[PDB]
Amino acid sequence: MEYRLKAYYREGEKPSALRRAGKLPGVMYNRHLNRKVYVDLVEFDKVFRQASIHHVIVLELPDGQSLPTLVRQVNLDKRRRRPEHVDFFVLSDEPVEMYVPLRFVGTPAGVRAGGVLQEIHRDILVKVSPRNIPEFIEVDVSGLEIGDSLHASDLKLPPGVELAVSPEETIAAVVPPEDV
Amino acid sequence: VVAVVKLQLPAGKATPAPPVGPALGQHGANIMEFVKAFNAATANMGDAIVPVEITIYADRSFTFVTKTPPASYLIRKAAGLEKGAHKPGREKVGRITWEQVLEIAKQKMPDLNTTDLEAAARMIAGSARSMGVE
Amino acid sequence: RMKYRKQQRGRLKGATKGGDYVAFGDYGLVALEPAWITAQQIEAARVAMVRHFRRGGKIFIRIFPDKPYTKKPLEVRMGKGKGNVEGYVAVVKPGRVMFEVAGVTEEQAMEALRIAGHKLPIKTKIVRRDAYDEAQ
Amino acid sequence: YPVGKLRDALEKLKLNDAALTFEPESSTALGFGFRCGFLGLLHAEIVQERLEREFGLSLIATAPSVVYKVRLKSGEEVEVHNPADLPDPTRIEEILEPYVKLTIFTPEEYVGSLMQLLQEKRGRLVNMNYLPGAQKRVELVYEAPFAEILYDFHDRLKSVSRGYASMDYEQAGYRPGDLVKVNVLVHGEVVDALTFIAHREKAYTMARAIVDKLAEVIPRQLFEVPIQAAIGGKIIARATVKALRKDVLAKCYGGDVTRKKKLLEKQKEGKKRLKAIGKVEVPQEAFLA
Amino acid sequence: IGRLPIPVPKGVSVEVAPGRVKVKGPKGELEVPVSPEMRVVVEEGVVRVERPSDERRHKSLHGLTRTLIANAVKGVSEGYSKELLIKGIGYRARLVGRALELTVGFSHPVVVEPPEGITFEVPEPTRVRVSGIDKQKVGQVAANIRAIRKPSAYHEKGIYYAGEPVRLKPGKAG
Amino acid sequence: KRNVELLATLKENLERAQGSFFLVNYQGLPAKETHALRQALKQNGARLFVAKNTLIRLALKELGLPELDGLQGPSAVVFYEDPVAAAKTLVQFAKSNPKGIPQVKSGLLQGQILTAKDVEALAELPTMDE
Amino acid sequence: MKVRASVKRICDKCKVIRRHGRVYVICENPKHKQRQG
RNA sequence: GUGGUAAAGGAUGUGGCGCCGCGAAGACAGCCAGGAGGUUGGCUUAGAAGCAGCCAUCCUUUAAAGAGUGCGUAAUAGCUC
RNA sequence: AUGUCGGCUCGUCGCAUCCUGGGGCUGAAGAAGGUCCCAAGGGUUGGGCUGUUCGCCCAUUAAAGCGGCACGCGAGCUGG
């Protein structure tokens, strides 16, 4: 949830001058419903860190207009961190770009005894879920032991009805620290 | 003199050479060898830390009728806790149900301040620290 | 050390700007002032990390050595053409992000990074999963 | 320790005072009896200095020796041990040492500071009974090794307890305990080896000492021989003597890194060729004793 | 906050002067130099020091001012003084007249005169405390006489202030 | 959070369930030394909260909520906040009266109370041990 | 005990101090008297 | 006296920044006094009856609860918060 | 035409001090130390060997410094 003061400009000196003002340039775009819109940083940046945000739907309010959207991109700087350019994707009827955080809440078996580490792999996924998006998919496992890594098949999908991914694919892993 | 100081020891034994040593004559105690009396008195009651404050006094105080055992290990004694003798006490020796542990507080709550209402899981729940069963 | 089966043995020398970005376990370092970085510096690095994380904590490596390095003689007058090798630098232009989780909790990641990246030529900054990224 | 001349009027009896004679150790300088060091730290120094600037000549000052009653399989136990009779462990087990239990009368709290010192050779308590009469003084009994109590026990014990109470051994009941062996492998031909006992692994603090003797002016042109402390396992210490060499590349002061390269092989290849003929013969000259 | 309210009861004769405020008590006229931009005024017993502005300088100096003048009034109020405590048998001390005996350099003409408003109370060589007036020259003196043999990082032996328990290091052994 | 939320809330919660609250200056003894009297009514009966040890400002404005209409016979300075109300006060009070009076040098001077309905007198509380 | 750089605080009770362009770290324990200047 | 010549480095330098600290049911440093009773063993009980030494994650007072950080040692003992 | 090693004779200079001073810390009791800091005013010998600077080696001593200065100094020497 935030807003997003609109700006006419396209490409030139302006985005740079605005960054000098602290103000992300950005995009409002959806199935060729287009506009170029220019966010201010700071609070919209806390918003940006709010985790569900850049994932779960976020609303924004160009002048007084309201739109829902979920970020499709953030161009980073390379010379340093800090985002350079946000890209929105407003949601009409069906969204499919679904970038879902996982919450595996593993039952103990490996990290504690064998010392093996449950390395996160894909962290977050690409599924399909029109305006009813499930939050934290929760796939507990006691297979922490043995050095197995349960794949993408095992998620057992909650009503966000689709695996876009090719099924079964090391979604979450354990790696031995020194093999047991 | 006035060696009536406070010096706890281990319940139920005989020769107190590892605990006494400088905790008796050193300060100004007297005699020795109420070893037998330590047996004759405390070899019986409370395997839950039953030491008698060696009240330093002329002729060297005697044993029998200590004060009390205290500690959680009296307030919940029915167990032992040998565990950890090697390692940091993994598991085991931790259950005769919650329940025999509670019924053991019906008489395992001897002398203490004025007197609080409970000596079970309102203090055995401090043995929650003391033992292995938090 | 590593770099086996190079197909040449005399690369030139360029460097100026580029990079990568994300953490891959989520406490990684990231260089600022850009430089060569030879393998020796890496053995020193991952060792400082290892020995600080209970000699087995999980360190994804990161960058990797490639371009050959050489002085050529001993002090012999230059003239002959360019040969030999002993350095084997990777190049790290700014923003390259070394990848170093260890599930090792909070500060130890930080501190092991302090040592480790301080066992290296270039000033560096400590970061983790944050401004994020996604595509397909 | 005499350096040399034996007997020479074994001035032992002299006049009262815990005299001593005979019973001398060998190892690498016999020196006959090694006594003459009873009472305090004075009687020893005094007597040693007496015959020194009075009658005796340039004498030694070695430390004390041991025995080690090993137990070689198929019977052994004793077998008369000598600072050289090291028959490895082929004698089955060890079990050799004099674990004497003395009775220290440390009062006040000299125990705390002393109890730690008594650990000179892994000691233990036997009967800790609070002395009677009143207080102040105290008692103490351990099972240290007569080998780790002989030298350096009083001068150090008196300082830990301000120099109170006393101490007396019992020399009763043997014992095994770790011993080990330590031999200084000079150059690479191995000589004397000196060694010690390695009992409980002590050569360490002694290995990097006896070996790293800096080499008694043993350079030999440019032998560069490395003096390592060969006790009983690969290598413990590592004392290498410096060679000599010659300012060979000191006349071609010019150019070309090739010229200064030739006058380097003759010195490098030669130094090695020598590492064959002679080794090292530096025993006398006041051993690192 | 706590940077302005000074109580000066008693019967003081404090008065301001161009950056050189003054105090007149029972026997002192103890001076109180200050920086003019802070500036102070006093009435009855209330004492009204003031802060020109809040760059760190003026505030910090402000605190000086309140402290220094406070030390003036408390100082002349009695004739302020510092406790002292020689210990460890290597000593003697005596008032002598207008310098101290002392005895600890063993070749010990360790003479030492009072400078000014100072005078030496010689009560027991195990005490010997010194009168003065202004606290800071009291300190200059306590430092001077304490300047000769105070530490003994092994066994106690020397001059001491009121007295630490006195940190030690273990002696030759034990 | 900062305000009435951490204990403060329940502070006058259960205490309000009664109608004869009390207060004392008890504290100034070593933890064990008055631990010995840290169970008076708790021995005389059960479930006492004697020596609750909140005080002024912490409860001095929170006393108005309590509707004792003025327990301010002890609110200033040290204040044990020991409720005579938790017990049905009578014979039990002596077990807390001897406990704070007989003990030590200045074992535990009382502030006052709200014993019964009307506030207990500063002397009468001292006067009526039972 | 000049260490003229570093100066990392270790007695942990340790005080840090600038003074006359220096950075002494004074501690109640004598060992820690580091001084980058 | 930086300016009027140098880096990794360290730095409650100093000015200003955007978050983070109010608990007037009143924090902060100083304090004043109390820092807990069963809260005391697993092994070492040579001591762990915390802060020798290889786990102790819940109740008592609730001021809060130190499963207990710190001196220290035979532990303890008496000592910060 | 910029006479090149070494020695003599004369030097002066700096400090990254060998001694002499002044001080921290210690696994410093004292003494002897260790080790870093401030310290350039003075002092840093006599020999054997070799062309030798260098180096070991005798005798010591407070010590027996490291360097500059066209590897200081030949319109001043010697020339091994």
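For the protein assembly as shown, D:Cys36, D:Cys252 have no disulfide-compatible partner, since no other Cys C-beta lies under 4.7 Å from theirs.
Note on the protein assembly as shown: dipole from Cβ charges, positive end direction compared against A:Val116, C:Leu74, B:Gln26; the farthest Cα belongs to C:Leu74. At 1.002 mPa s and 20 °C, plugging the Kirkwood radius over alpha-carbon pairs of chain E into Stokes-Einstein gives what diffusion coefficient in µm²/s? My calculation gives 116 µm²/s for D. Under Stokes-Einstein, with the Kirkwood radius over Cα pairs as Rh, the value for region F:15-130 at 37 °C and 0.692 mPa s is 237 µm²/s.
With kT/(6 pi eta Rh) evaluated at 10 °C and eta = 1.306 mPa s, and Rh the Kirkwood radius from Cα pairs, region C:24-132 diffuses with a coefficient of 106 µm²/s according to Stokes-Einstein.
Kindly give the semi-axes, whole Å and largest first, of the ellipsoid equivalent to region A:59-152, taking each as the square root of 5 times a Cα gyration tensor eigenvalue. Computed over region A:59-152, the values are 35, 19, 10 Å. The largest-to-smallest principal axis extents of the Cα set in region A:1-140 are 58, 38, 22 Å.
Can you tell which of F:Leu63, F:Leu23, F:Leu41 shows the greatest fluctuation in a Gaussian network model of chain F with Cα springs below 10 Å? Of the options given, F:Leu63 has the highest mean-square fluctuation.
Helix C:39-52 and the long axis of chain C differ in direction by around 20°, with both axes built from C-alpha atoms. Per-residue mean of foreign Cβ neighbours for A:108-115 is 1 (Cβ atoms of other chains, 10 Å radius).
Taking the longest Cα principal axis of chain E as reference, the axis of helix E:56-78 is set at about 70 degrees. Ordering E:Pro165, E:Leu95, E:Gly45 by Cα displacement along the dipole of chain E toward the positive end leaves E:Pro165 in first place; charges were set at the Cβ atoms of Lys, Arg (+1) and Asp, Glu (-1). Loop-located trypsin sites (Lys or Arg not before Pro) in region B:33-124 (DSSP state not H, G, I, E or B) with no more than 11 neighbouring Cβ atoms inside 10 Å: B:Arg90, B:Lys92, B:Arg122. Taking the Cα centre of the protein assembly as shown as origin and assigning +1 to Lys and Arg Cβ atoms and -1 to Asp and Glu Cβ atoms, the resulting dipole is close to 5540 debye.
Seen against the Cα atoms of chain C and their longest principal axis, helix C:106-117 is set at about 10 degrees.
Each principal axis of the Cα cloud of the protein assembly as shown was taken in turn, and the coordinate range along them, longest first, works out to 117, 103, 86 Å.
By the equivalent-ellipsoid construction on the alpha carbon gyration tensor, region D:89-239 comes out with semi-axes of 40, 18, 10 Å, ordered largest to smallest. Over chain B, dividing the summed -39,500 (n - 2.57) contributions of all DSSP H runs of at least 4 residues by the number of residues returns a 222 nm mean residue ellipticity of -3500 deg cm²/dmol. For region B:1-67, the Cβ-based charge dipole about the Cα centre amounts to some 40 debye (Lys, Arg positive; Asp, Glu negative; other atoms uncharged). For region B:68-134, the alpha carbon convex hull comes to 84 Å³ per residue, rounded to a whole number.
For chain B, with equal point scatterers placed on the C-alpha atoms only and solvent neglected, what are the log10 I(q)/I(0) values from the Debye formula at q = 0.14, 0.15, 0.18 1/Å, to two decimals? With no solvent term, the Cα-only Debye profile gives -0.73, -0.81, -1.02.
A simple rule links phi to the HN-Hα coupling: the Karplus curve 6.51 cos²θ - 1.76 cosθ + 1.60 with θ = phi - 60°, which for region C:75-80 gives 7, 4, 3, 6, x, 2 Hz, with x for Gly and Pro.
Sparsely packed loop sites in region B:37-134 (the chymotrypsin sites (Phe, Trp or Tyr not before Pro) outside DSSP H, G, I, E and B with at most 12 other Cβ atoms within 10 Å) comprise B:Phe64.
Springs between Cα atoms under 10 Å define the GNM used for chain F, and in it the highest mean-square fluctuation of F:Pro98, F:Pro30, F:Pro83 occurs at F:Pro30.
Hey, if you put +1 on the Cβ of every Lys and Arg and -1 on every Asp and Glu Cβ in the protein assembly as shown, which of E:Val130, A:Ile171, C:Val92 ends up farthest toward the positive end of that dipole? Highest projection toward the positive end goes to C:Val92.
Its Cα centre serving as origin, region C:24-132 has a Cβ charge dipole (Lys and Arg +1, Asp and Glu -1) of approximately 420 debye.
For chain C, the longest piece that avoids every one of the GluC sites (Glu not before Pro) found in DSSP loops with at most 12 other C-beta atoms within 10 Å covers C:1-74. How charged is the neighbourhood of E:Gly139? Take every other residue with its Cβ under 11 Å from the Cβ of E:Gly139, and add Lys/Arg as +1 and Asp/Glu as -1. Once positives and negatives cancel, what remains is +3.
Within region B:39-115, the GluC sites (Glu not before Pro) that combine a DSSP coil assignment with at most 13 other C-beta atoms in a 10 angstrom radius are B:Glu82, B:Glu91. With Cβ to Cβ distances under 12 Å as the rule, what net charge do the other residues near B:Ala79 carry (K, R +1; D, E -1)? Its environment carries a net charge of +4. Taking amide hydrogens as placed 1.01 Å from N in the peptide plane, the amide H of F:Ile113 sits under 5 Å from those of F:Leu23, F:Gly73, F:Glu120, each at least 5 positions away in sequence or on another chain.
Among C:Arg11, C:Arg51, C:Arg77, the largest mean-square fluctuation in a Gaussian network model of chain C (Cα springs under 10 Å) belongs to C:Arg77.
Summarising the label geometry, the points placed 7 Å from Cα in the beta-carbon direction at F:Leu6 and F:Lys105 lie 3.6 nm from one another. Built from the Cα atoms of region B:1-67, the convex hull projects on average onto 3.8 nm², one quarter of its surface area. Restricted to Cα atoms, chain D shows a radius of gyration and a Dmax of 24.9, 91 angstrom. What fraction of the Cα pairs in region D:176-223, stated in percent, has a spacing above 12 angstrom? Here the long-distance tail beyond 12 Å is 66 percent of all Cα pairs in region D:176-223.
Reconstructed Cβ throughout: ideal geometry from the backbone, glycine too, with neighbour counts over all protein chains shown. Every number here is computed from the coordinates shown, using simple stated rules; none is lab data.
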